[PDB]
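**Student:** So that you have it, the file is final_31.cif, and it contains mmCIF, C-alpha atoms:
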```cif
data_entry
#
loop_
_atom_site.label_atom_id
_atom_site.label_comp_id
_atom_site.auth_asym_id
_atom_site.auth_seq_id
_atom_site.Cartn_x
_atom_site.Cartn_y
_atom_site.Cartn_z
CA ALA A 1 -91.65 1.36 -13.71
CA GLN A 2 -89.94 3.68 -11.22
CA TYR A 3 -86.51 3.31 -12.74
CA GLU A 4 -86.75 3.49 -16.55
CA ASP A 5 -84.10 2.99 -19.19
CA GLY A 6 -83.64 6.31 -20.92
CA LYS A 7 -84.73 8.20 -17.79
CA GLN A 8 -82.44 7.87 -14.75
CA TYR A 9 -79.96 5.88 -16.77
CA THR A 10 -79.21 4.76 -20.30
CA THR A 11 -78.11 1.34 -21.43
CA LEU A 12 -75.01 1.03 -23.53
CA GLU A 13 -75.82 -0.74 -26.79
CA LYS A 14 -72.13 -1.57 -26.73
CA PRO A 15 -71.64 -3.17 -23.26
CA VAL A 16 -68.08 -3.32 -21.97
CA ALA A 17 -66.67 -6.58 -20.68
CA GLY A 18 -64.66 -6.80 -17.46
CA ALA A 19 -65.43 -3.16 -16.65
CA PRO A 20 -65.05 -1.78 -13.11
CA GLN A 21 -68.25 -2.16 -11.05
CA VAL A 22 -68.68 1.57 -10.45
CA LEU A 23 -66.65 3.72 -12.87
CA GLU A 24 -66.70 7.53 -12.62
CA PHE A 25 -65.06 9.94 -15.10
CA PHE A 26 -64.16 13.56 -14.43
CA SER A 27 -61.91 16.45 -15.40
CA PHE A 28 -60.39 19.05 -13.13
CA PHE A 29 -61.57 21.52 -15.86
CA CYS A 30 -65.16 20.36 -15.68
CA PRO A 31 -67.53 22.75 -13.85
CA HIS A 32 -70.20 20.14 -12.92
CA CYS A 33 -67.34 17.94 -11.73
CA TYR A 34 -66.33 20.62 -9.28
CA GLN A 35 -69.91 20.72 -7.96
CA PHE A 36 -70.02 16.88 -7.81
CA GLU A 37 -66.87 16.86 -5.74
CA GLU A 38 -67.02 19.82 -3.39
CA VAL A 39 -70.73 20.67 -3.10
CA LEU A 40 -72.61 17.43 -3.74
CA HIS A 41 -69.99 14.87 -2.66
CA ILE A 42 -71.45 12.37 -5.14
CA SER A 43 -68.66 9.77 -4.92
CA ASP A 44 -68.88 9.67 -1.21
CA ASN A 45 -72.65 9.37 -1.14
CA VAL A 46 -72.68 6.64 -3.74
CA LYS A 47 -70.14 4.70 -1.66
CA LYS A 48 -72.19 5.07 1.50
CA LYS A 49 -75.05 3.29 -0.21
CA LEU A 50 -73.22 0.64 -2.24
CA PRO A 51 -73.54 -3.02 -1.16
CA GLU A 52 -70.64 -4.91 0.28
CA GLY A 53 -68.21 -6.32 -2.29
CA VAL A 54 -68.39 -3.34 -4.63
CA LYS A 55 -65.36 -1.13 -5.29
CA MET A 56 -65.36 2.35 -6.85
CA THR A 57 -63.03 3.59 -9.58
CA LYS A 58 -62.52 7.22 -10.63
CA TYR A 59 -60.58 8.28 -13.73
CA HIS A 60 -59.49 11.62 -15.20
CA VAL A 61 -60.01 12.47 -18.87
CA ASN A 62 -57.97 14.19 -21.58
CA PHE A 63 -60.62 15.90 -23.72
CA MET A 64 -60.78 19.08 -21.63
CA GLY A 65 -58.09 21.67 -21.14
CA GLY A 66 -55.72 20.61 -23.91
CA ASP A 67 -52.13 20.20 -22.81
CA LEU A 68 -52.84 20.90 -19.13
CA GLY A 69 -55.69 18.43 -19.47
CA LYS A 70 -53.27 15.61 -20.23
CA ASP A 71 -50.85 16.64 -17.48
CA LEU A 72 -53.75 16.36 -15.06
CA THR A 73 -54.60 12.85 -16.29
CA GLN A 74 -50.97 11.91 -15.60
CA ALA A 75 -51.08 13.69 -12.20
CA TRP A 76 -54.19 11.77 -11.31
CA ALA A 77 -52.31 8.57 -12.23
CA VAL A 78 -49.61 9.70 -9.76
CA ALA A 79 -52.30 10.40 -7.16
CA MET A 80 -53.78 6.89 -7.67
CA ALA A 81 -50.38 5.20 -7.54
CA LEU A 82 -49.45 6.96 -4.29
CA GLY A 83 -52.88 6.64 -2.75
CA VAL A 84 -53.17 10.37 -2.19
CA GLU A 85 -56.39 11.15 -4.05
CA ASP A 86 -58.14 12.43 -0.96
CA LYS A 87 -55.37 14.93 -0.40
CA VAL A 88 -55.07 16.50 -3.85
CA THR A 89 -58.58 16.43 -5.27
CA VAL A 90 -59.74 19.60 -3.55
CA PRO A 91 -56.60 21.74 -4.16
CA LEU A 92 -56.48 20.59 -7.79
CA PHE A 93 -60.10 21.60 -8.39
CA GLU A 94 -59.61 24.96 -6.63
CA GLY A 95 -56.29 25.59 -8.39
CA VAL A 96 -57.85 25.05 -11.82
CA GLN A 97 -61.30 26.57 -11.33
CA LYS A 98 -61.30 28.82 -8.25
CA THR A 99 -57.93 30.56 -7.88
CA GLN A 100 -56.68 29.70 -11.38
CA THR A 101 -53.20 29.22 -10.05
CA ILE A 102 -52.61 25.96 -11.92
CA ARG A 103 -51.23 26.84 -15.36
CA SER A 104 -48.37 24.34 -15.85
CA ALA A 105 -47.16 20.90 -14.87
CA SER A 106 -45.00 22.62 -12.23
CA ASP A 107 -48.07 24.23 -10.65
CA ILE A 108 -49.71 20.81 -10.48
CA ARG A 109 -46.59 19.52 -8.81
CA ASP A 110 -46.71 22.32 -6.20
CA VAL A 111 -50.16 21.15 -5.17
CA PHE A 112 -48.73 17.74 -4.31
CA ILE A 113 -45.75 19.34 -2.51
CA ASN A 114 -48.10 21.47 -0.41
CA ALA A 115 -50.14 18.35 0.40
CA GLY A 116 -46.93 16.83 1.74
CA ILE A 117 -45.79 14.46 -0.99
CA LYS A 118 -42.00 14.77 -1.21
CA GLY A 119 -40.65 16.18 -4.45
CA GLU A 120 -38.47 13.14 -5.10
CA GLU A 121 -41.41 10.80 -4.50
CA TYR A 122 -43.64 12.77 -6.89
CA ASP A 123 -41.05 13.10 -9.68
CA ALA A 124 -40.24 9.43 -9.33
CA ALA A 125 -43.90 8.49 -9.69
CA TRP A 126 -44.47 11.02 -12.48
CA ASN A 127 -41.80 9.36 -14.59
CA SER A 128 -42.58 5.73 -13.61
CA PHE A 129 -43.95 3.06 -16.00
CA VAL A 130 -46.46 2.10 -13.31
CA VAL A 131 -47.90 5.59 -13.78
CA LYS A 132 -47.63 5.27 -17.59
CA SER A 133 -49.76 2.12 -17.49
CA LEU A 134 -52.21 3.80 -15.11
CA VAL A 135 -52.61 6.65 -17.66
CA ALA A 136 -53.22 3.94 -20.30
CA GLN A 137 -55.98 2.42 -18.19
CA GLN A 138 -57.71 5.78 -17.77
CA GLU A 139 -57.58 6.37 -21.50
CA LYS A 140 -58.72 2.84 -22.40
CA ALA A 141 -61.66 2.95 -19.97
CA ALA A 142 -62.82 6.24 -21.50
CA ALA A 143 -62.28 4.91 -25.04
CA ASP A 144 -64.33 1.77 -24.27
CA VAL A 145 -67.51 3.82 -23.69
CA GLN A 146 -66.59 6.48 -26.22
CA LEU A 147 -66.82 9.17 -23.60
CA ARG A 148 -67.52 12.68 -24.93
CA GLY A 149 -68.60 14.30 -21.66
CA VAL A 150 -68.03 14.46 -17.93
CA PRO A 151 -69.03 13.96 -15.13
CA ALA A 152 -70.04 10.42 -16.05
CA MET A 153 -70.67 7.29 -14.11
CA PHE A 154 -71.01 3.76 -15.49
CA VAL A 155 -72.24 0.73 -13.56
CA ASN A 156 -70.86 -2.70 -14.56
CA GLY A 157 -69.91 -1.43 -18.00
CA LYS A 158 -73.56 -1.55 -19.01
CA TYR A 159 -75.49 1.38 -17.52
CA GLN A 160 -74.72 5.09 -17.66
CA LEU A 161 -76.20 7.47 -15.10
CA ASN A 162 -78.48 10.14 -16.56
CA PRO A 163 -78.72 13.03 -14.03
CA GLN A 164 -80.47 15.41 -16.48
CA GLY A 165 -83.55 13.39 -15.50
CA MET A 166 -83.51 14.21 -11.75
CA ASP A 167 -85.05 17.21 -9.84
CA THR A 168 -82.31 19.70 -8.88
CA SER A 169 -84.44 21.97 -6.69
CA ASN A 170 -82.90 20.43 -3.62
CA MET A 171 -79.25 19.40 -3.80
CA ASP A 172 -79.63 16.74 -1.06
CA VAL A 173 -82.58 15.09 -2.80
CA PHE A 174 -80.66 15.09 -6.07
CA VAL A 175 -77.68 13.35 -4.49
CA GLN A 176 -79.77 10.59 -2.89
CA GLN A 177 -81.70 9.97 -6.10
CA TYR A 178 -78.36 9.69 -7.84
CA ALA A 179 -76.91 7.40 -5.18
CA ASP A 180 -80.10 5.30 -4.93
CA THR A 181 -80.02 4.94 -8.72
CA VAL A 182 -76.46 3.65 -8.63
CA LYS A 183 -77.55 1.10 -5.97
CA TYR A 184 -80.47 -0.07 -8.10
CA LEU A 185 -78.25 -0.49 -11.16
CA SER A 186 -75.70 -2.29 -9.02
CA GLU A 187 -78.29 -4.89 -7.92
CA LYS A 188 -79.58 -5.28 -11.48
#
```
So, in terms of C-alpha coordinates, how does the structure I just supplied come out?
**Tutor:**
Amino acid sequence: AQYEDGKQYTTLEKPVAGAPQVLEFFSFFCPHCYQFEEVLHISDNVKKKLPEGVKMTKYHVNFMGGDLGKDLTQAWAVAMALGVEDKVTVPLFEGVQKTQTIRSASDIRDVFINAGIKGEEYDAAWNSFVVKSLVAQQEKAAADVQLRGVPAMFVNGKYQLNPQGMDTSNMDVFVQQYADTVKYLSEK
(Lines of atoms letter the chains of each structure in order from A and count residues from 1; the text may use other names and numbers.)
(Lines give C-alpha, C1' and ligand atoms only; values in the text may rest on other atoms or scores of the structure.)
Protein backbone atom coordinates (compact mmCIF):
# COMPACT_ATOMS: atom_id res chain seq x y z
CA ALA A 1 0.00 0.00 0.00
CA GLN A 2 1.08 3.66 0.12
CA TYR A 3 1.19 3.84 3.88
CA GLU A 4 2.84 0.70 5.29
CA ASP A 5 3.29 -0.43 8.87
CA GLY A 6 7.00 -0.41 9.57
CA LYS A 7 7.57 2.34 6.97
CA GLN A 8 5.97 5.73 7.74
CA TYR A 9 4.81 4.48 11.10
CA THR A 10 5.12 1.54 13.45
CA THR A 11 2.37 -0.14 15.40
CA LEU A 12 2.77 -0.55 19.12
CA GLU A 13 2.45 -4.21 20.06
CA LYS A 14 1.49 -2.80 23.43
CA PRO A 15 -1.36 -0.35 22.58
CA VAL A 16 -2.16 2.26 25.22
CA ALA A 17 -5.73 2.75 26.36
CA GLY A 18 -7.27 6.20 26.79
CA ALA A 19 -4.21 7.84 25.24
CA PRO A 20 -4.34 11.40 23.86
CA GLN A 21 -5.35 11.47 20.17
CA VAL A 22 -2.13 13.14 19.00
CA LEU A 23 0.70 12.89 21.56
CA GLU A 24 4.11 14.47 20.87
CA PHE A 25 7.22 14.08 23.07
CA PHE A 26 10.25 16.36 23.08
CA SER A 27 13.17 17.65 25.10
CA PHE A 28 14.61 21.14 25.10
CA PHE A 29 18.00 19.29 24.89
CA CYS A 30 17.03 17.38 21.78
CA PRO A 31 18.62 18.67 18.54
CA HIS A 32 15.99 17.26 16.13
CA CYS A 33 13.36 18.71 18.46
CA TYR A 34 14.83 22.15 17.93
CA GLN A 35 14.56 21.63 14.16
CA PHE A 36 10.98 20.30 14.53
CA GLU A 37 10.01 23.40 16.44
CA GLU A 38 11.83 26.33 14.87
CA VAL A 39 12.67 25.19 11.33
CA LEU A 40 10.02 22.63 10.38
CA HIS A 41 7.13 23.76 12.60
CA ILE A 42 5.86 20.16 12.73
CA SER A 43 3.26 20.65 15.48
CA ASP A 44 1.73 23.53 13.69
CA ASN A 45 1.59 21.76 10.34
CA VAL A 46 0.10 18.64 11.83
CA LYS A 47 -2.61 20.77 13.45
CA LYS A 48 -3.40 22.54 10.20
CA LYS A 49 -4.25 19.20 8.65
CA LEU A 50 -5.98 17.41 11.53
CA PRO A 51 -9.75 16.80 11.28
CA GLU A 52 -12.18 18.59 13.51
CA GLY A 53 -12.59 17.09 16.98
CA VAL A 54 -8.93 16.20 17.42
CA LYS A 55 -6.77 17.85 20.10
CA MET A 56 -2.97 17.86 20.29
CA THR A 57 -0.87 17.15 23.37
CA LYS A 58 2.86 17.86 23.78
CA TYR A 59 4.95 16.62 26.70
CA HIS A 60 8.54 17.14 27.84
CA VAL A 61 10.79 14.23 28.85
CA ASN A 62 13.33 13.59 31.60
CA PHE A 63 15.86 11.28 29.93
CA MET A 64 17.98 14.07 28.43
CA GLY A 65 20.04 16.63 30.26
CA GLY A 66 20.04 15.07 33.72
CA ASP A 67 19.07 17.44 36.50
CA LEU A 68 18.31 20.36 34.17
CA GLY A 69 16.30 17.89 32.12
CA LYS A 70 13.89 17.33 35.00
CA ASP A 71 13.66 21.04 35.82
CA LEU A 72 12.59 21.60 32.23
CA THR A 73 9.88 18.92 32.50
CA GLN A 74 8.58 20.78 35.56
CA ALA A 75 8.89 24.15 33.74
CA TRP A 76 6.92 22.75 30.85
CA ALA A 77 4.26 21.69 33.37
CA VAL A 78 4.21 25.33 34.54
CA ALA A 79 3.95 26.48 30.92
CA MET A 80 1.00 24.11 30.32
CA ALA A 81 -0.76 25.14 33.52
CA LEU A 82 -0.45 28.84 32.70
CA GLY A 83 -1.20 28.42 29.02
CA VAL A 84 2.03 30.11 28.00
CA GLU A 85 3.62 27.42 25.83
CA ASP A 86 3.68 29.61 22.76
CA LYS A 87 5.63 32.24 24.63
CA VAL A 88 8.40 30.15 26.17
CA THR A 89 9.06 27.38 23.67
CA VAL A 90 11.35 29.42 21.45
CA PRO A 91 13.42 31.13 24.21
CA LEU A 92 13.77 27.81 26.06
CA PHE A 93 15.10 26.05 22.95
CA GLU A 94 17.48 28.94 22.15
CA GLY A 95 18.59 29.24 25.78
CA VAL A 96 19.51 25.55 25.96
CA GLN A 97 20.87 24.94 22.46
CA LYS A 98 21.74 28.28 20.81
CA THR A 99 23.04 30.74 23.41
CA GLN A 100 23.56 28.15 26.16
CA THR A 101 22.44 30.63 28.75
CA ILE A 102 20.14 28.18 30.54
CA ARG A 103 22.22 26.34 33.14
CA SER A 104 19.99 26.32 36.24
CA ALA A 105 16.39 26.40 37.37
CA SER A 106 16.84 30.15 37.92
CA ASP A 107 17.85 30.64 34.27
CA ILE A 108 14.71 28.78 33.21
CA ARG A 109 12.73 31.07 35.45
CA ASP A 110 14.29 34.16 33.82
CA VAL A 111 12.97 33.01 30.46
CA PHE A 112 9.44 33.11 31.84
CA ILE A 113 10.06 36.51 33.49
CA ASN A 114 11.32 37.93 30.19
CA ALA A 115 8.23 36.52 28.46
CA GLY A 116 6.16 38.50 30.94
CA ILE A 117 4.99 35.93 33.48
CA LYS A 118 5.19 37.58 36.90
CA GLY A 119 7.68 36.09 39.31
CA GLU A 120 5.05 35.43 41.96
CA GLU A 121 2.79 33.73 39.40
CA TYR A 122 5.64 31.50 38.19
CA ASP A 123 6.91 30.52 41.65
CA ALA A 124 3.36 29.83 42.74
CA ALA A 125 2.81 27.53 39.77
CA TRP A 126 6.25 25.94 40.11
CA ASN A 127 5.42 24.82 43.64
CA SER A 128 1.73 23.93 43.03
CA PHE A 129 0.27 20.39 43.21
CA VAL A 130 -1.54 21.08 39.95
CA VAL A 131 1.91 21.33 38.38
CA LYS A 132 3.09 18.24 40.32
CA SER A 133 0.26 16.20 38.82
CA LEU A 134 0.99 17.64 35.37
CA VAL A 135 4.62 16.43 35.73
CA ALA A 136 3.19 13.02 36.71
CA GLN A 137 1.09 12.93 33.54
CA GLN A 138 4.10 13.71 31.36
CA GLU A 139 6.08 10.96 33.01
CA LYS A 140 3.24 8.41 32.88
CA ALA A 141 2.53 9.10 29.19
CA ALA A 142 6.21 8.54 28.36
CA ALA A 143 6.34 5.42 30.56
CA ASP A 144 3.24 3.96 28.84
CA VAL A 145 5.04 3.75 25.48
CA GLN A 146 8.44 3.09 27.01
CA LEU A 147 9.91 6.09 25.30
CA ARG A 148 13.68 5.99 24.76
CA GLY A 149 13.94 8.74 22.17
CA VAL A 150 12.62 12.09 21.02
CA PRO A 151 11.10 13.72 18.99
CA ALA A 152 8.26 11.22 18.98
CA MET A 153 4.65 11.36 18.02
CA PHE A 154 1.96 8.79 18.81
CA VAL A 155 -1.53 8.69 17.30
CA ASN A 156 -4.36 7.25 19.44
CA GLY A 157 -1.89 5.35 21.60
CA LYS A 158 -1.44 2.83 18.81
CA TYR A 159 0.76 4.25 16.03
CA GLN A 160 4.20 5.83 16.26
CA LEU A 161 5.46 8.12 13.50
CA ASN A 162 8.58 6.88 11.74
CA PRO A 163 10.26 9.89 10.02
CA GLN A 164 13.49 7.97 9.19
CA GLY A 165 11.39 6.64 6.31
CA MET A 166 10.68 10.00 4.60
CA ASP A 167 12.77 11.96 1.98
CA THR A 168 14.56 14.89 3.66
CA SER A 169 15.89 16.54 0.49
CA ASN A 170 13.21 19.16 0.75
CA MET A 171 12.16 20.30 4.22
CA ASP A 172 8.66 21.37 3.07
CA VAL A 173 7.95 18.02 1.42
CA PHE A 174 9.14 16.23 4.55
CA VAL A 175 6.80 18.22 6.76
CA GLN A 176 3.73 17.56 4.59
CA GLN A 177 4.49 13.86 4.35
CA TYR A 178 4.77 13.85 8.12
CA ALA A 179 1.56 15.83 8.58
CA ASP A 180 -0.32 13.82 5.92
CA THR A 181 0.81 10.64 7.68
CA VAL A 182 -0.57 11.86 11.00
CA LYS A 183 -3.90 12.59 9.23
CA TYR A 184 -4.01 9.10 7.71
CA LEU A 185 -3.31 7.47 11.08
CA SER A 186 -5.92 9.70 12.67
CA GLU A 187 -8.61 8.47 10.26
CA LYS A 188 -7.53 4.85 10.70
**Student:** Apply the PyMOL selection byres ((chain A and resi 81) around 9) to the displayed file and report the matching residues as a ChimeraX atom specification.
**Tutor:** /A:76-80,82-84,125,130-131,134
**Student:** Could you tell me how far atom CA of residue 75 of chain A sits from atom CA of residue 61 of chain A, in Å to one decimal place?
**Tutor:**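 About the pair atom CA of residue 61 of chain A and atom CA of residue 75 of chain A: they are 11.2 Å apart.
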**Student:** Identify all residues satisfying the PyMOL selection byres ((chain A and resi 30) around 9) in the given file; provide them as a tab-separated table (two decimals) with C-alpha atoms, keeping the file's coordinate frame.
**Tutor:**
```tsv
chain	number	residue	atom	x	y	z
A	26	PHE	CA	-64.16	13.56	-14.43
A	27	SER	CA	-61.91	16.45	-15.40
A	28	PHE	CA	-60.39	19.05	-13.13
A	29	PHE	CA	-61.57	21.52	-15.86
A	31	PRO	CA	-67.53	22.75	-13.85
A	32	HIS	CA	-70.20	20.14	-12.92
A	33	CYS	CA	-67.34	17.94	-11.73
A	34	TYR	CA	-66.33	20.62	-9.28
A	64	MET	CA	-60.78	19.08	-21.63
A	93	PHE	CA	-60.10	21.60	-8.39
A	97	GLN	CA	-61.30	26.57	-11.33
A	150	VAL	CA	-68.03	14.46	-17.93
A	151	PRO	CA	-69.03	13.96	-15.13
```
**Student:** Using the chain letters and residue numbers of this document, give as a PDB file with C-alpha atoms, in the frame of the given file the residues selected by the PyMOL selection byres ((chain A and resi 3-13) around 9).
**Tutor:**
```pdb
ATOM      1  CA  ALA A   1     -91.650   1.360 -13.710  1.00  0.00           C
ATOM      2  CA  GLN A   2     -89.940   3.680 -11.220  1.00  0.00           C
ATOM      3  CA  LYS A  14     -72.130  -1.570 -26.730  1.00  0.00           C
ATOM      4  CA  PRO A  15     -71.640  -3.170 -23.260  1.00  0.00           C
ATOM      5  CA  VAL A  16     -68.080  -3.320 -21.970  1.00  0.00           C
ATOM      6  CA  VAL A 145     -67.510   3.820 -23.690  1.00  0.00           C
ATOM      7  CA  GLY A 157     -69.910  -1.430 -18.000  1.00  0.00           C
ATOM      8  CA  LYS A 158     -73.560  -1.550 -19.010  1.00  0.00           C
ATOM      9  CA  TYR A 159     -75.490   1.380 -17.520  1.00  0.00           C
ATOM     10  CA  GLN A 160     -74.720   5.090 -17.660  1.00  0.00           C
ATOM     11  CA  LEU A 161     -76.200   7.470 -15.100  1.00  0.00           C
ATOM     12  CA  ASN A 162     -78.480  10.140 -16.560  1.00  0.00           C
ATOM     13  CA  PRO A 163     -78.720  13.030 -14.030  1.00  0.00           C
ATOM     14  CA  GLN A 164     -80.470  15.410 -16.480  1.00  0.00           C
ATOM     15  CA  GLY A 165     -83.550  13.390 -15.500  1.00  0.00           C
ATOM     16  CA  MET A 166     -83.510  14.210 -11.750  1.00  0.00           C
ATOM     17  CA  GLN A 177     -81.700   9.970  -6.100  1.00  0.00           C
ATOM     18  CA  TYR A 178     -78.360   9.690  -7.840  1.00  0.00           C
ATOM     19  CA  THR A 181     -80.020   4.940  -8.720  1.00  0.00           C
ATOM     20  CA  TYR A 184     -80.470  -0.070  -8.100  1.00  0.00           C
ATOM     21  CA  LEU A 185     -78.250  -0.490 -11.160  1.00  0.00           C
TER      22      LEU A 185
END
```
**Student:** Just to confirm, what's the straight-line distance from atom CA of residue 73 of chain A to atom CA of residue 60 of chain A in Å (one decimal)?
**Tutor:**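 Here the two named atoms are 5.2 Å from each other.
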**Student:** For the atom pair atom CA of residue 94 of chain A and atom CA of residue 135 of chain A, what is the interatomic distance in Å to one decimal place?
**Tutor:**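 For atom CA of residue 94 of chain A relative to atom CA of residue 135 of chain A, the distance reads 22.5 Å.
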**Student:** Which of these, A:21, A:104, A:141, A:148, has the shortest distance to residue 51 of chain A once you count all atoms listed in the file?
**Tutor:**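 The shortest atom-to-atom distance to residue 51 of chain A comes from A:21.
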**Student:** If I put a ball of radius 8 Å at (-67.1, 2.9, -10.1) in the file's coordinates, which residues poke into it when counting only C-alpha atoms, written as an mmCIF file with C-alpha atoms, in the frame of the given file?
**Tutor:**
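Below you can see selection.cif, which holds the result:
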```
data_model
loop_
_atom_site.group_PDB
_atom_site.id
_atom_site.type_symbol
_atom_site.label_atom_id
_atom_site.label_comp_id
_atom_site.auth_asym_id
_atom_site.auth_seq_id
_atom_site.Cartn_x
_atom_site.Cartn_y
_atom_site.Cartn_z
ATOM 1 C CA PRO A 20 -65.050 -1.780 -13.110
ATOM 2 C CA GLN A 21 -68.250 -2.160 -11.050
ATOM 3 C CA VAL A 22 -68.680 1.570 -10.450
ATOM 4 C CA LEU A 23 -66.650 3.720 -12.870
ATOM 5 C CA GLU A 24 -66.700 7.530 -12.620
ATOM 6 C CA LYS A 55 -65.360 -1.130 -5.290
ATOM 7 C CA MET A 56 -65.360 2.350 -6.850
ATOM 8 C CA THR A 57 -63.030 3.590 -9.580
ATOM 9 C CA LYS A 58 -62.520 7.220 -10.630
ATOM 10 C CA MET A 153 -70.670 7.290 -14.110
ATOM 11 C CA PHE A 154 -71.010 3.760 -15.490
ATOM 12 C CA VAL A 155 -72.240 0.730 -13.560
#
```
**Student:** May I ask which of the residues A:114, A:176, A:74, A:45 is the closest one to residue 137 of chain A, counting only C-alpha atoms?
**Tutor:** A:74
**Student:** Taking (-49.8, 25.1, -7.8) in the coordinates of the supplied file, I want to know which residues reach to within 12 Å of it, counting all atoms listed in the file; could you give the answer as an mmCIF file with C-alpha atoms, keeping the file's coordinate frame?
**Tutor:**
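Wrote it out as out-v3.cif, contents follow:
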```
data_model
loop_
_atom_site.group_PDB
_atom_site.id
_atom_site.type_symbol
_atom_site.label_atom_id
_atom_site.label_comp_id
_atom_site.auth_asym_id
_atom_site.auth_seq_id
_atom_site.Cartn_x
_atom_site.Cartn_y
_atom_site.Cartn_z
ATOM 1 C CA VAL A 88 -55.070 16.500 -3.850
ATOM 2 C CA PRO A 91 -56.600 21.740 -4.160
ATOM 3 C CA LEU A 92 -56.480 20.590 -7.790
ATOM 4 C CA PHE A 93 -60.100 21.600 -8.390
ATOM 5 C CA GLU A 94 -59.610 24.960 -6.630
ATOM 6 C CA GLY A 95 -56.290 25.590 -8.390
ATOM 7 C CA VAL A 96 -57.850 25.050 -11.820
ATOM 8 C CA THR A 99 -57.930 30.560 -7.880
ATOM 9 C CA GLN A 100 -56.680 29.700 -11.380
ATOM 10 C CA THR A 101 -53.200 29.220 -10.050
ATOM 11 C CA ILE A 102 -52.610 25.960 -11.920
ATOM 12 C CA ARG A 103 -51.230 26.840 -15.360
ATOM 13 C CA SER A 104 -48.370 24.340 -15.850
ATOM 14 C CA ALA A 105 -47.160 20.900 -14.870
ATOM 15 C CA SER A 106 -45.000 22.620 -12.230
ATOM 16 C CA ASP A 107 -48.070 24.230 -10.650
ATOM 17 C CA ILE A 108 -49.710 20.810 -10.480
ATOM 18 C CA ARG A 109 -46.590 19.520 -8.810
ATOM 19 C CA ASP A 110 -46.710 22.320 -6.200
ATOM 20 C CA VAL A 111 -50.160 21.150 -5.170
ATOM 21 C CA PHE A 112 -48.730 17.740 -4.310
ATOM 22 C CA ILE A 113 -45.750 19.340 -2.510
ATOM 23 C CA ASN A 114 -48.100 21.470 -0.410
ATOM 24 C CA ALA A 115 -50.140 18.350 0.400
#
```
**Student:** What's around residue 50 of chain A at 9 Å? Count all atoms listed in the file, leave out sequence neighbours fewer than 3 positions away in its own chain, and write the answer as a short mmCIF file (atom, residue, chain, number, x, y, z; two decimals) with C-alpha atoms, keeping the file's coordinate frame.
**Tutor:**
```
data_model
loop_
_atom_site.label_atom_id
_atom_site.label_comp_id
_atom_site.auth_asym_id
_atom_site.auth_seq_id
_atom_site.Cartn_x
_atom_site.Cartn_y
_atom_site.Cartn_z
CA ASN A 45 -72.65 9.37 -1.14
CA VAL A 46 -72.68 6.64 -3.74
CA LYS A 47 -70.14 4.70 -1.66
CA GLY A 53 -68.21 -6.32 -2.29
CA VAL A 54 -68.39 -3.34 -4.63
CA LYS A 55 -65.36 -1.13 -5.29
CA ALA A 179 -76.91 7.40 -5.18
CA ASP A 180 -80.10 5.30 -4.93
CA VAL A 182 -76.46 3.65 -8.63
CA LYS A 183 -77.55 1.10 -5.97
CA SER A 186 -75.70 -2.29 -9.02
#
```
**Student:** Quick one: of A:49, A:40, A:143, A:19, who's nearest to residue 175 of chain A, counting only C-alpha atoms?
**Tutor:** A:40
**Student:** Check the smallest atom-to-atom distance from each of A:43, A:156, A:128, A:133 to residue 187 of chain A using all atoms listed in the file, then report the winner.
**Tutor:**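 Answer, going by the shortest atom-to-atom distance: A:156.
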**Student:** Counting all atoms listed in the file, which residue out of A:152, A:124, A:39, A:68 sits closest to residue 90 of chain A?
**Tutor:** A:39
